[PDB]
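Protein chains in written order, with the working numbering: chain A, 12 to 422; chain R, 90 to 296; chain F, 87 to 135; chain G, 291 to 419. Backbone N, C-alpha and C fix where the C-beta goes; we use that ideal spot for every residue, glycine too. Worksheet: the structure to be examined is printed underneath.
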Amino acid sequence: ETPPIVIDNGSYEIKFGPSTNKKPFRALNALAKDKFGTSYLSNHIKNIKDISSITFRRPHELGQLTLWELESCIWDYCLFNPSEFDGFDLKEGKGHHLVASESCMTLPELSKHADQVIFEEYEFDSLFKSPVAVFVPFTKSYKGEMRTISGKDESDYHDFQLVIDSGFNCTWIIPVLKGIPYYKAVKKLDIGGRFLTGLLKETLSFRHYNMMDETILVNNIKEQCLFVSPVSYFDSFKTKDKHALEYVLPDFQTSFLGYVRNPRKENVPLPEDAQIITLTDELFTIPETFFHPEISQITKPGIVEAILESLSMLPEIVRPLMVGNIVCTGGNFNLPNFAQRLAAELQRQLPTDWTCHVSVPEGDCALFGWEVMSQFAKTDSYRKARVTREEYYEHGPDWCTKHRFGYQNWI
Amino acid sequence: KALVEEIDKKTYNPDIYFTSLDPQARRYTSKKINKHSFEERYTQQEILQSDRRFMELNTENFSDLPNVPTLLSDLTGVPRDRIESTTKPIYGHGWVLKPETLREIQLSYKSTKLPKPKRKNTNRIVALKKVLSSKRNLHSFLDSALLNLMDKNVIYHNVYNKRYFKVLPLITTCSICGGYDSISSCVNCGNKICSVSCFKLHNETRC
Amino acid sequence: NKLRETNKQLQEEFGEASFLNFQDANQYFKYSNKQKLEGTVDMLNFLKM
Amino acid sequence: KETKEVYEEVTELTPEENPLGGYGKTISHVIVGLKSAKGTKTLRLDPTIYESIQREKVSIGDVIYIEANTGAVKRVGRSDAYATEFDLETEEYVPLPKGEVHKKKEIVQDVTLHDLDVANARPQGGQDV
Ligand SMILES: Nc1ncnc2c1ncn2[C@@H]1O[C@H](COP(=O)(O)OP(=O)(O)O)[C@@H](O)[C@H]1O
Ligand code: BEF
Ligand SMILES: [Mg+2]
Ligand SMILES: [Zn+2]
Ligand SMILES: [Zn+2]
């Protein structure tokens, strides 16, 4: 088996797939059990009939994962259920390699735990784990769609890079140079998917009936009905009266999921018995918290301050290079107008001499990163940068996590 | 000013002008009347309150509300005693190790299966079994010496900002709604209010 | 004229691959030459003004 | 027609070396930084324009209008994003200038010879009584 299996482990949902495929296999990474005790696996949460009162537990915390039991079971589930995930089928994966994506701020002890759990139980042969950052430079290896937006106006892997990820857990900004990312100018923003959902809960509680036990509705509302302030907080407030959306409660007797309507459009004239929540202000106020955390009265600096200071740590010669090619990554970036807004903000902050450009992959960036990693598996530099079974056996699990993929080494 | 005004030569502070209906006729400072980093504008108590509100926004369920002291201790290394004393806040709880899910997962992948044994009995196998029955807390990771102190230094202070905490000005809009014009501070609670309805909704519970 | 001599020799030496902004974004050396030529163009314009 | 350059949010300003002569009080140069919208930039400028600024008496968080042709600074006003610092403020806050701070432009005006005759006959300049 020449092509490996690519696993982009996400805190919210993991993306597992063969290197042959062009799209990842999406499987949730969580565990929700009804109050009556009938627990359900992560992939089976979407098929449940009630979402009002559930007990939740997600193996991946803010920093990283600690207990490998649930993750190992879920990995086997996505690795030993060919029926539920069509096309894919495997016996042992002995000759199959592994391409994984794990954060650059991992705990060395937890990195050792991950290495041992991936190698000495499932009996792999070759591994390669690296953060989603380094692979995006390989976008120059394969042709793809890549919308470059200019801030000012109204080998194969690229050495110069500065990429931001914004998923469910948190946000990470990384500078990559010479294909070797810098591990000191890296800056972490705690606002992730979790924190945006929490802000959504609090602001609806400030507006409409509470749902704090019902967090799946919060996640769905956050993914569906929000949009980033295209120009400014005040001017977007001027559109609050004219523009508004209306969500309808999901009636478990009738519909497990609700819907959002616009009063302008008459394509849905059907009246409904259940109550309807009007969202006129929180559509655009919620995304603003990245630039104005003090709306939620936090002492957090903000995204623009974080990127400016991260640039400040970098050497002056390499500072203008990074902003000239910026790639947007993460599931939070799918919110509309976010990329243009952040581009305008940082270009306004950055001085006139250097113009910064932001590259957006169309659609979600999760599948973009997955296809990038699949191309990396296709890319032959992976052959020279790979490791073998005898390297793992001849040394201890500590050497593999402290020498090659260790982060203090690249500091 | 109107020309020719009578003064009595007492007090007569040209930069101090105090006028009221005289219900108390007392200065707010007569005799000390009582009884750019954001860490400077907001004191240690205020930044810690912002931090614990942040951690309490992190949780998505009831069960992690008492997990806030543990999470904050893992973050900044503060004992839970002062967390419960000074923060002044507003089996599913004990990680995912329930055996019920462990035997229920069998029906999840029961559609197709072909397991085979390929394993040995070594110290690595014992450690793998220990990791499989993990049941460990972040507090156990940090208290133990399994992670180097330099790793702690490069995982804790590689994120925080120390000199520039703000680069954009603050909107400072009302707490309840977003009235952007004619904002003003409240009489007692000291929070910005804009509309009459906002003041009526704020004076009861928030104020 | 002193600035224009250097500007024209720089444009003659590497006026094929350093002119495009695509190479300017992805560069380590050529973007510096582009910066130098644009800076000297601005300097000569300011001097004429 | 006439071509003019101009510079337009004020970030910071520093006034000023050793006299080493007949200079009782020396202000060698003044460093001023502007923000604008399409990027910021700092520059150095003469003491005379600094005294002109002091005559305008602008603050640090303001937007100004300086024409290098005549060396005159005009205070456009405060910065709009600097609002709500106090509950009241008489001065109009005014938004931030759009585009590049260093603007090159040209202007075209139609007049009559009688306008020039009137301007020369009755000049408006002068500061004395
Ligand atoms: N179109 C969208 N609009 C708004 N939010 C979205 C959209 N798509 C995904 N998200 C959010 O992005 C998050 C996904 O993050 P994820 O990539 O899973 O992070 P991680 O890889 O760390 O698990 C989800 O919480 C979801 O709410
Ligand atoms: F793991 Be992720 F995309 F933050
Ligand atoms: Mg992920
Ligand atoms: Zn209000
Ligand atoms: Zn009040």
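**Asked** Which full runs of the beta strand (DSSP E) of 3+ residues lie inside the segment 347-405 of chain A, going along the chain?
**Response** 368-371
**Prompt:** Where does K388(G) fall in DSSP's three states?
**Reply:** Locating residue 388(G) in the fourth sequence gives position 98, counting from the first residue. Here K388(G) sits in coil by DSSP.
**Asked** Just checking, does the segment 313-329 of chain A make contact with the segment 281-295 of chain A on the three C-beta pairs under 8 Å criterion?
**Response** no
**Prompt:** So which of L303(G), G314(G), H319(G) and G323(G) has the shortest CA-CA distance to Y297(G)?
**Reply:** Taking the first residue of the fourth sequence as 1, we reach residue 297(G) at position 7. Checking every option, the nearest Cα to that of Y297(G) belongs to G323(G).
**Request:** For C84(A), decide whether its Cβ has a neighbour in chain R, counting only Cβ atoms nearer than 8 Å.
**Result:** To locate residue 84(A), count along the first sequence from 1; it is residue 73. Yes, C84(A) counts as interfacial toward chain R.
**Request:** Find the residues of chain R that neighbour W79(A), judging by a C-beta separation of less than 8 Å, and give them in chain order.
**Result:** Start at 1 with the first residue of the first sequence, and residue 79(A) comes out as number 68. The answer, in chain order, is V220, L221 and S223.
**Asked** chain F partners of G155(A), CB-CB under 9 Å?
**Response** Taking the first residue of the first sequence as 1, we reach residue 155(A) at position 144. The premise fails here: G155(A) is roughly 16 Å from chain F at the closest Cβ pair, so nothing lies under 9 Å.
**Message:** Measuring alpha carbon to alpha carbon, tell me which residue in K195(A), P70(A) and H108(A) is nearest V17(A).
**Reply:** For this step, residue 17(A) is matched to residue 6 along the first sequence. Of the candidates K195(A), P70(A) and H108(A), the one whose C-alpha sits nearest the C-alpha of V17(A) is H108(A).
**Sequence-ordered residues whose beta carbon comes within less than 6 Å of a heavy atom of ligand 3** = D19(A), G21(A) and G178(A)
**Message:** Under 8 Å: do the segment 148-164 of chain R and the segment 196-212 of chain R share three or more Cβ pairs, one atom per stretch?
**Reply:** no
**Message:** Can you tell me which residues form a DSSP beta bridge with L217(R)?
**Reply:** As a working mapping, residue 217(R) is identified with position 128 in the second sequence. For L217(R), which the question treats as bridged, DSSP gives no partner whatsoever.
**Message:** Determine, for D240(R), whether the minimum Cβ-Cβ distance to residues of chain A falls below 8 Å.
**Reply:** On the second sequence, position 151 is the one that residue 240(R) refers to. Taking Cβ atoms only, chain A reaches closer than 8 Å to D240(R), which makes this a yes.
**Message:** I want to see whether chain F comes within less than 8 Å of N336(A), judged by CB atoms only; does it?
**Reply:** Residue mapping note: residue 336(A) aligns to position 325 of the first sequence, counting from 1. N336(A) counts as touching chain F.
**Message:** Between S137(A) and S112(A), how many whole angstroms is the CB-CB distance? I'm expecting something under 8 Å.
**Reply:** Position 126 of the first sequence, counted from the first residue, corresponds to residue 137(A). Position 101 of the first sequence, counted from the first residue, corresponds to residue 112(A). That pair is no contact at about 16 Å.
**Asked** With distances taken between CB atoms, is the gap from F379(A) to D61(A) smaller than 8 Å?
**Response** Residue 379(A) sits at position 368 when you count from the first residue of the first sequence. Residue 61(A) sits at position 50 when you count from the first residue of the first sequence. Result no, Cβ atoms of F379(A) and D61(A) do not sit closer than 8 Å.
**Message:** Suppose only complete runs of 3+ residues qualify. What are the beta strand (DSSP E) ranges in the segment 235-282 of chain A, listed by chain order?
**Reply:** 256-259
**Request:** Decide if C278(R) is buried, meaning its Cβ has at least 16 other Cβ atoms within 10 Å, or exposed.
**Result:** Your numbering for residue 278(R) matches position 189 in the second sequence. That one is exposed.
**Asked** Nearest-angstrom Cα distance between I309(A) and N147(R)?
**Response** Reading the first sequence from its first residue, position 298 is the one you call residue 309(A). Reading the second sequence from its first residue, position 58 is the one you call residue 147(R). Straight-line Cα distance between these residues: approximately 13 Å.
**Request:** For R205(A), name the three-state secondary structure that DSSP assigns.
**Result:** If you number the first sequence from 1, residue 205(A) lands on position 194. DSSP places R205(A) in helix when its eight states are reduced to three.
**Message:** Given a cut-off of 8 Å on the beta-carbon distance, is the pair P258(R) and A327(G) in contact?
**Reply:** The sequence position of residue 258(R) within the second sequence is 169, counting from 1. The sequence position of residue 327(G) within the fourth sequence is 37, counting from 1. In this structure, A327(G) does not lie closer than 8 Å to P258(R) by Cβ.
**Item:** Enclosing beta strand (DSSP E) for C339(A) [first to last residue]
**Value:** Sequence index remark: in the first sequence, residue 339(A) carries index 328 (1-based). Segment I337 to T340, the beta strand (DSSP E) holding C339(A).
**Prompt:** Is there a Cβ from chain A that is less than 8 Å from the Cβ of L92(R)?
**Reply:** Start at 1 with the first residue of the second sequence, and residue 92(R) comes out as number 3. Not an interface residue.
**Request:** Consider the Cβ of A327(G): report whether some Cβ of chain A lies at a distance smaller than 8 Å.
**Result:** As a position in the fourth sequence, residue 327(G) is number 37, starting the count at 1. Taking Cβ atoms only, chain A reaches closer than 8 Å to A327(G), which makes this a yes.
**Asked** Taking any heavy atom of ligand 5 as the mark, which residues have a C-beta closer than 5 Å to it, listed down the chain?
**Response** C275(R), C278(R) and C296(R)
**Prompt:** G203(A): beta carbon under 7 Å from a heavy atom of ligand 4?
**Reply:** Numbered from its first residue, the first sequence carries residue 203(A) at position 192. Not so, every heavy atom of ligand 4 lies at least 7 Å from the Cβ.
**Asked** Under the three-state reduction of DSSP, which class applies to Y117(F): helix, strand or coil?
**Response** In the third sequence, the residue the question calls residue 117(F) occupies position 31. Correct three-state label for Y117(F): helix.
**Request:** Tell me whether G342(A) counts as near ligand 1, meaning its Cβ is closer than 7 Å to at least one heavy atom of that ligand.
**Result:** In the first sequence, counting from the first residue as 1, residue 342(A) sits at position 331. Answer for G342(A): yes, Cβ within range of ligand 1.
**Neighbour list for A111(F) in chain A, Cβ cutoff strictly below 8 Å** = For the purposes of this step, residue 111(F) is identified with residue 25 of the third sequence, where counting begins at 1. Residues of chain A passing the Cβ test: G335, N336 and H368.
**Prompt:** Comparing the C-beta of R359(A) with each C-beta of chain G, is any distance below 8 Å?
**Reply:** Residue 359(A) sits at position 348 when you count from the first residue of the first sequence. Answer yes: the Cβ-Cβ gap between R359(A) and chain G drops below 8 Å somewhere.
**Asked** Is the CB-CB distance between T374(G) and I260(R) below 8 Å?
**Response** Counted from its first residue, the fourth sequence places residue 374(G) at position 84. Counted from its first residue, the second sequence places residue 260(R) at position 171. Yes.
**Request:** Could you tell me whether the Cβ of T363(A) comes closer than 8 Å to any Cβ of chain G?
**Result:** Here residue 363(A) refers to the residue found at position 352 when the first sequence is read from its first residue. Yes, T363(A) lies at the interface with chain G (some Cβ there is under 8 Å from its Cβ).
**Item:** Nearest neighbour of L191(R), chosen from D284(A), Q419(A), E82(A) and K199(A) [CA to CA]
**Value:** In the second sequence, counting from the first residue as 1, residue 191(R) sits at position 102. With distances taken between Cα atoms, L191(R) lies closest to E82(A).
**Message:** Does the beta-carbon of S273(R), which I'm using as the reference point, lie nearer than 7 Å to any heavy atom of ligand 4?
**Reply:** Reading the second sequence from its first residue, position 184 is the one you call residue 273(R). No, the Cβ of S273(R) stays beyond 7 Å of every heavy atom of ligand 4.
**Asked** Can you give the Cα-Cα distance for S264(R) and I172(R), rounded to whole angstroms?
**Response** Along the second sequence, read from residue 1 onward, the residue named residue 264(R) stands at position 175. Along the second sequence, read from residue 1 onward, the residue named residue 172(R) stands at position 83. Those two C-alpha atoms are separated by around 26 Å.
**Request:** State the start and end residues of the unbroken beta strand (DSSP E) segment that holds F27(A).
**Result:** Position 16 of the first sequence, counting from 1, holds the residue named residue 27(A). That run of the beta strand (DSSP E) goes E24 to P29.
**Message:** Check whether the segment 226-238 of chain R and the segment 342-350 of chain G are in contact - that is, three or more C-beta pairs closer than 8 Å.
**Reply:** no
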